[PDB]
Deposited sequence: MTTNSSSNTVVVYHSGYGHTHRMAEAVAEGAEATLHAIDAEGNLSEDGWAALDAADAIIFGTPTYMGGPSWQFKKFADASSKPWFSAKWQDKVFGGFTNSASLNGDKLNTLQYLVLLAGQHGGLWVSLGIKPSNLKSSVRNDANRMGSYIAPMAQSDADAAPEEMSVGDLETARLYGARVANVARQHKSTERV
């Protein structure tokens, strides 16, 4: 039965709450990219051992936080050895404004998953996005999503 990892950055702690919600649904372990865009070696090992990787980031100035992208750039290492090929991926984001820009962040997360040769799990539209504490409605859709990713990861392990 599946091992899902939620790897996320929070600037301000709203994407932290959404990650807890997704972790709860997927019964995932949580790994935090720090304020400097760094993940511990425990995080990276967990990602290489996961059946599913769910990416979390704020949308800031129209895209994923620089801290998330620094982590994405550093996944060039697992990418060159195809360590994450065929894993199940999902994502989430949350900002203070328009789902406008949030779709851009989600679309990057899909590209990052594709670059790694993974399978992308859509919301059961592309992935959860949310307004910025946070409404229970958003936390609930987030939690359902995490359960939906774990589910695919089980079927597809």
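Trainee: Tell me, which runs of residues in the deposited sequence have no coordinates at all?
Mentor: Those stretches are 1-5, 130-148, 157-163, 189-193, listed in order.
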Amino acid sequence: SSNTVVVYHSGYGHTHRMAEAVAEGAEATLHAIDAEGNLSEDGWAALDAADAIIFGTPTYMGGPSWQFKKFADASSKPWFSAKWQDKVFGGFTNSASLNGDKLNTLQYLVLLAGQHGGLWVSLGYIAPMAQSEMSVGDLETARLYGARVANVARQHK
From here on, numbers count along this sequence of modelled residues.
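Trainee: Which is higher in the entry, the mean Cα B factor of 91-99 or that of 60-68?
Mentor: Mean B over CA atoms: larger for 91-99.
Trainee: Return whichever of 11-19 and 144-152 has the greater mean Cα B factor according to the PDB record.
Mentor: Here the higher of the two C-alpha B-factor means belongs to 11-19.
Trainee: Where does the C-alpha B-factor of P128 rank in its chain, lowest, middle or highest third?
Mentor: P128: CA B-factor falls in the highest third of its chain.
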